[PDB]
Amino acid sequence: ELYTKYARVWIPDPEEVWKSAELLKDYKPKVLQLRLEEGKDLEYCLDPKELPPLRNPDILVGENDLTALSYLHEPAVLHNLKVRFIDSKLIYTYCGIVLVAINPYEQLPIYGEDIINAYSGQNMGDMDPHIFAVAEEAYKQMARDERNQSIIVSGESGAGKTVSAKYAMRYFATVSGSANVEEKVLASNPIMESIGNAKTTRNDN
Amino acid sequence: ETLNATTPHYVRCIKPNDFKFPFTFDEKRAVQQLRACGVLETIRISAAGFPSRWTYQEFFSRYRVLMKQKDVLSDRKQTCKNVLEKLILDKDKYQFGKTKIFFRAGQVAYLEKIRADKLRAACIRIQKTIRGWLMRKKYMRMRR
Amino acid sequence: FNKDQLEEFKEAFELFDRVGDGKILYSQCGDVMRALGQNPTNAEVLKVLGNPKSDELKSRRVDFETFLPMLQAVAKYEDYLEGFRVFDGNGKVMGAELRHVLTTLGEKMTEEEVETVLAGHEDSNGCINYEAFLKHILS
Amino acid sequence: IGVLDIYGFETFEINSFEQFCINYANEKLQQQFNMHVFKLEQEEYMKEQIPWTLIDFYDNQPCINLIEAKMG
């Protein structure tokens, strides 16, 4: 079976939601001899029934699309997002047709003008993910066919939905050839915040 | 009614830490946000299907390490259909598209693991042979 | 092994004896096995040695008589060729790729062993005729 | 081209009519998303000459009917 010595598994840990482990002896049908980083050695119960999530190989890890991963589960997704965000500072990622945007609180250069002209024309897979790539996929489908296009943004309001919309609109403005939609809409934002936003136990504004 | 008129495109936003730190990723908060954005359930729905797709040439390139020269053939598509049909027993796991192979979850990891095993054992055999041949020469040098 | 082979091997053993007590280290057992024409894996050497600990592997000394059954046990081409075509099948091998895989995969060797065996065998592009290199390392 | 800023699925130690309405809205949006993804994948399967009857569709209509249908 797929469980062997020198294989990696995810173990549940209450401090960090999953922890990596290596298997010290090959499994054969009720306990596993598990290595860790937190000490060399550990003995880990299996449960009446369960085997841990098996870890993807590192060619697939850090791919631009979560569905490139051969095993798909919460540990692989959480790890792959964490390594893209922490190591490469790639805040944008794909999952199926969804664009996952992980909000850095730090400001980035990547929104700068030239990249708008770099993404434009490029089919959605031909470039690494960025909000301009979805803005194009909409603008291109609008130009190609009759239909209007929609972009739908979800998450706790701190997460930066408004920043994503703002940059999508900058993409549209810069490709389309303008005047003063963007400045007016962002001027409207404080009004709609003041009359429509609220303070909730989990979240201010 | 307003959305149904229109073709959608989606963005999800996740808040990586509770305290606005510039790049700290808190896996508890990010797990909660990934559940609240339905990304994890979307991924569950995808993992049931064929999530993983490969173009026949890129497959052939990667698994030429596995492929035998007798298996190599004047039609790479037929070559890969044969090699894969041998390598993975249950046809339910995979499908042959016109230009892409489709795999259920794990099957590409299965191929990658058998590749790493074969390449490791072959590397061990060649390495031990070169180490023996050089040290055997040092043995003959000490004899001389 | 015949009496003549055992005598020649004992003489060789003493040539590898750097202390004069007629003994080698556990860590030398593998060296003697490969020097005597065997090609055991590191795993096979450690297995026939009984998975010795670092301390006794580096400082515990054994005479020829205890080593001998282990040498015997160790003692008792087309796969090698396909194995080399793995790392290419036009009869060449990248020098960079072979060096990387030999120093990073399997039972990793040092760069100096690879440089020693590879000296003069790679061309300007860095390609090795692996059938000739294989015959060379098996000779 | 129309850009929707909405709130996501929401749960607290205490959940109340506000959270119940937010969750019903998110159930509807998630249904639309699931149908759109299923349509695109059916088109890709018909494009690639696979039997499209294989692809499995996952439908939260029983929950929407629980919340909104008559005697919901």
# chains A, B, ... in the order shown; residues from 1 in each chain; ligands from 1

$ residues_around --residues "range 1-18 of chain D" --least-positions-apart "5" --cutoff "8 Å" --atoms "only C-alpha atoms" --output "PyMOL selection string"
(chain A and resi 138-139+142+148-157+161-162+165+202) or (chain B and resi 36-37) or (chain D and resi 23+26)

$ interface_residues --of "chain C" --to "chain B" --cutoff "8 Å" --atoms "only C-alpha atoms" --output "compact mmCIF listing (two decimals) with N, CA, C and O atoms, in the first residue's frame"
# COMPACT_ATOMS: atom_id res chain seq x y z
N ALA C 12 46.27 -8.62 1.57
CA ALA C 12 45.61 -7.35 1.26
C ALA C 12 45.04 -6.72 2.52
O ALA C 12 45.17 -5.51 2.75
N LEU C 15 47.59 -5.07 4.27
CA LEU C 15 47.91 -3.81 3.60
C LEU C 15 46.94 -2.71 3.99
O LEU C 15 47.31 -1.54 4.04
N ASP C 31 34.82 -1.68 3.19
CA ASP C 31 35.95 -1.30 2.34
C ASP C 31 36.68 -2.54 1.84
O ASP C 31 37.07 -2.61 0.67
N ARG C 34 34.46 -4.45 -0.86
CA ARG C 34 34.53 -3.87 -2.20
C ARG C 34 35.92 -3.99 -2.80
O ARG C 34 36.07 -4.26 -4.00
N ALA C 35 36.96 -3.79 -1.99
CA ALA C 35 38.34 -3.96 -2.44
C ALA C 35 38.65 -5.38 -2.90
O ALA C 35 39.57 -5.56 -3.71
N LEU C 36 37.92 -6.37 -2.42
CA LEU C 36 38.13 -7.77 -2.78
C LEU C 36 37.24 -8.23 -3.93
O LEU C 36 37.18 -9.44 -4.20
N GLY C 37 36.57 -7.31 -4.61
CA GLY C 37 35.78 -7.63 -5.79
C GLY C 37 34.29 -7.70 -5.59
O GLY C 37 33.56 -7.88 -6.58
N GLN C 38 33.80 -7.56 -4.37
CA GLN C 38 32.37 -7.53 -4.11
C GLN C 38 31.83 -6.13 -4.36
O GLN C 38 32.56 -5.14 -4.29
N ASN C 39 30.54 -6.05 -4.68
CA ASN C 39 29.86 -4.77 -4.87
C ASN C 39 28.62 -4.69 -3.99
O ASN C 39 27.49 -4.58 -4.48
N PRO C 40 28.79 -4.73 -2.67
CA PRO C 40 27.64 -4.69 -1.76
C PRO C 40 27.12 -3.28 -1.56
O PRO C 40 27.86 -2.29 -1.63
N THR C 41 25.82 -3.18 -1.31
CA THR C 41 25.25 -1.89 -0.96
C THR C 41 25.66 -1.54 0.47
O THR C 41 26.08 -2.40 1.25
N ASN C 42 25.54 -0.26 0.81
CA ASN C 42 25.81 0.13 2.19
C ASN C 42 24.87 -0.59 3.14
O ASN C 42 25.26 -0.97 4.26
N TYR C 80 21.67 -3.18 -15.47
CA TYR C 80 22.58 -2.05 -15.29
C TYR C 80 22.51 -1.12 -16.49
O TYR C 80 22.54 0.11 -16.35
N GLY C 83 19.26 0.78 -16.33
CA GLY C 83 19.50 1.75 -15.28
C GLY C 83 20.28 2.96 -15.75
O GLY C 83 19.99 4.09 -15.34
N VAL C 86 18.11 5.13 -17.95
CA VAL C 86 17.23 5.93 -17.10
C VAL C 86 17.71 7.37 -17.01
O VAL C 86 16.91 8.31 -17.05
N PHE C 87 19.03 7.58 -16.91
CA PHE C 87 19.59 8.89 -16.62
C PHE C 87 20.05 9.63 -17.87
O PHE C 87 20.70 10.67 -17.76
N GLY C 89 17.85 7.61 -24.77
CA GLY C 89 18.61 6.38 -24.84
C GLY C 89 19.59 6.35 -26.00
O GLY C 89 19.76 5.31 -26.65
N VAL C 101 22.59 13.63 -9.57
CA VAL C 101 21.81 12.50 -9.05
C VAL C 101 22.71 11.60 -8.20
O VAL C 101 22.26 11.04 -7.19
N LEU C 102 23.98 11.43 -8.59
CA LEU C 102 24.88 10.59 -7.82
C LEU C 102 25.26 11.24 -6.50
O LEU C 102 25.56 10.54 -5.53
N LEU C 105 20.92 11.64 -4.77
CA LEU C 105 19.96 10.56 -4.62
C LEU C 105 20.63 9.26 -4.19
O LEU C 105 21.85 9.10 -4.28
N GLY C 106 19.80 8.34 -3.71
CA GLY C 106 20.25 6.99 -3.37
C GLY C 106 21.23 6.99 -2.21
O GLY C 106 21.07 7.71 -1.22
N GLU C 107 22.27 6.16 -2.34
CA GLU C 107 23.33 6.06 -1.34
C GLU C 107 24.42 7.04 -1.74
O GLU C 107 25.45 6.68 -2.30
N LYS C 108 24.19 8.31 -1.39
CA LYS C 108 24.93 9.43 -1.97
C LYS C 108 26.44 9.27 -1.83
O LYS C 108 26.95 8.94 -0.75
N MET C 109 27.15 9.50 -2.93
CA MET C 109 28.61 9.49 -2.94
C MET C 109 29.15 10.91 -2.88
O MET C 109 28.43 11.89 -3.05
N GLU C 113 34.81 11.15 -5.63
CA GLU C 113 34.71 9.85 -6.29
C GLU C 113 34.19 10.00 -7.71
O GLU C 113 34.71 9.38 -8.65
N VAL C 114 33.15 10.82 -7.89
CA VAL C 114 32.55 10.97 -9.21
C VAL C 114 33.53 11.67 -10.14
O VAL C 114 33.64 11.31 -11.32
N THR C 116 36.75 11.47 -9.97
CA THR C 116 37.84 10.54 -10.25
C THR C 116 37.43 9.54 -11.32
O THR C 116 38.17 9.31 -12.29
N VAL C 117 36.24 8.94 -11.18
CA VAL C 117 35.81 7.96 -12.17
C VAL C 117 35.45 8.63 -13.49
O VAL C 117 35.64 8.04 -14.56
N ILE C 137 33.46 0.62 -15.33
CA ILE C 137 33.29 0.46 -13.89
C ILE C 137 33.00 -0.97 -13.48
O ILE C 137 33.06 -1.28 -12.28
N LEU C 138 32.69 -1.86 -14.43
CA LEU C 138 32.50 -3.26 -14.10
C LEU C 138 33.75 -4.10 -14.34
O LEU C 138 33.84 -5.22 -13.82

$ closest_residue --among "A:93, A:197, A:80, A:56" --to "chain D" --atoms "only C-alpha atoms"
A:197

$ residues_around --residues "range 100-115 of chain B" --least-positions-apart "3" --cutoff "8 Å" --atoms "only C-alpha atoms" --output "list in words"
residues 2, 56, 57, 70, 71 and 72 of chain A; 47, 48, 49, 50, 51, 52, 53, 54, 55, 56, 63, 65, 66, 93, 94, 95, 96, 97, 118 and 119 of chain B; 48 of chain D

$ interface_residues --of "chain D" --to "chain B" --cutoff "9 Å" --atoms "only C-alpha atoms" --output "list in words"
residues 8, 9, 10, 11, 30, 32, 33, 34, 36, 45, 47, 48, 49, 50, 54, 55, 56, 57 and 58 of chain D

$ write_last_selection --atoms "N, CA and C atoms" --output "PDB file, in the first residue's frame"
ATOM      1  N   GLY D   8     -19.251  36.812   3.482  1.00  0.00           N
ATOM      2  CA  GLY D   8     -19.180  35.367   3.438  1.00  0.00           C
ATOM      3  C   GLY D   8     -19.908  34.677   4.580  1.00  0.00           C
ATOM      4  N   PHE D   9     -19.872  33.346   4.529  1.00  0.00           N
ATOM      5  CA  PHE D   9     -20.492  32.505   5.546  1.00  0.00           C
ATOM      6  C   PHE D   9     -19.965  32.860   6.933  1.00  0.00           C
ATOM      7  N   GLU D  10     -20.858  32.866   7.920  1.00  0.00           N
ATOM      8  CA  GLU D  10     -20.583  33.523   9.192  1.00  0.00           C
ATOM      9  C   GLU D  10     -21.148  32.711  10.347  1.00  0.00           C
ATOM     10  N   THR D  11     -20.306  32.402  11.337  1.00  0.00           N
ATOM     11  CA  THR D  11     -20.737  31.672  12.524  1.00  0.00           C
ATOM     12  C   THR D  11     -20.031  32.178  13.771  1.00  0.00           C
ATOM     13  N   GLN D  30     -23.692  29.915  -3.152  1.00  0.00           N
ATOM     14  CA  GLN D  30     -22.945  28.679  -3.327  1.00  0.00           C
ATOM     15  C   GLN D  30     -23.643  27.721  -4.282  1.00  0.00           C
ATOM     16  N   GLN D  32     -25.411  28.708  -6.912  1.00  0.00           N
ATOM     17  CA  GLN D  32     -25.118  29.233  -8.242  1.00  0.00           C
ATOM     18  C   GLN D  32     -23.692  28.906  -8.665  1.00  0.00           C
ATOM     19  N   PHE D  33     -22.742  29.050  -7.740  1.00  0.00           N
ATOM     20  CA  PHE D  33     -21.357  28.686  -8.022  1.00  0.00           C
ATOM     21  C   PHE D  33     -21.221  27.217  -8.410  1.00  0.00           C
ATOM     22  N   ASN D  34     -21.820  26.319  -7.623  1.00  0.00           N
ATOM     23  CA  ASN D  34     -21.744  24.895  -7.936  1.00  0.00           C
ATOM     24  C   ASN D  34     -22.338  24.572  -9.302  1.00  0.00           C
ATOM     25  N   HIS D  36     -22.508  26.632 -11.883  1.00  0.00           N
ATOM     26  CA  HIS D  36     -21.634  27.169 -12.920  1.00  0.00           C
ATOM     27  C   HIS D  36     -20.403  26.296 -13.136  1.00  0.00           C
ATOM     28  N   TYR D  45     -15.586  18.197 -20.465  1.00  0.00           N
ATOM     29  CA  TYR D  45     -15.634  16.757 -20.702  1.00  0.00           C
ATOM     30  C   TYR D  45     -16.177  16.415 -22.086  1.00  0.00           C
ATOM     31  N   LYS D  47     -15.890  18.309 -24.612  1.00  0.00           N
ATOM     32  CA  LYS D  47     -14.803  18.704 -25.502  1.00  0.00           C
ATOM     33  C   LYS D  47     -13.737  17.620 -25.628  1.00  0.00           C
ATOM     34  N   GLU D  48     -13.400  16.953 -24.524  1.00  0.00           N
ATOM     35  CA  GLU D  48     -12.318  15.976 -24.505  1.00  0.00           C
ATOM     36  C   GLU D  48     -12.774  14.539 -24.750  1.00  0.00           C
ATOM     37  N   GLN D  49     -13.990  14.335 -25.253  1.00  0.00           N
ATOM     38  CA  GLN D  49     -14.461  13.021 -25.694  1.00  0.00           C
ATOM     39  C   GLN D  49     -14.546  12.009 -24.557  1.00  0.00           C
ATOM     40  N   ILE D  50     -14.616  12.471 -23.314  1.00  0.00           N
ATOM     41  CA  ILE D  50     -14.851  11.583 -22.180  1.00  0.00           C
ATOM     42  C   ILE D  50     -16.360  11.400 -22.072  1.00  0.00           C
ATOM     43  N   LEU D  54     -20.120  10.651 -16.258  1.00  0.00           N
ATOM     44  CA  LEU D  54     -19.324  10.313 -15.081  1.00  0.00           C
ATOM     45  C   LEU D  54     -19.331  11.426 -14.041  1.00  0.00           C
ATOM     46  N   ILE D  55     -19.284  12.686 -14.476  1.00  0.00           N
ATOM     47  CA  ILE D  55     -19.033  13.784 -13.549  1.00  0.00           C
ATOM     48  C   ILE D  55     -20.194  13.914 -12.571  1.00  0.00           C
ATOM     49  N   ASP D  56     -19.864  14.026 -11.290  1.00  0.00           N
ATOM     50  CA  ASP D  56     -20.840  13.966 -10.212  1.00  0.00           C
ATOM     51  C   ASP D  56     -21.152  15.363  -9.692  1.00  0.00           C
ATOM     52  N   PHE D  57     -22.442  15.661  -9.574  1.00  0.00           N
ATOM     53  CA  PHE D  57     -22.953  16.991  -9.283  1.00  0.00           C
ATOM     54  C   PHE D  57     -23.487  16.997  -7.857  1.00  0.00           C
ATOM     55  N   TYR D  58     -23.186  18.057  -7.112  1.00  0.00           N
ATOM     56  CA  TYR D  58     -23.456  18.094  -5.680  1.00  0.00           C
ATOM     57  C   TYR D  58     -24.297  19.318  -5.360  1.00  0.00           C
TER      58      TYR D  58
END
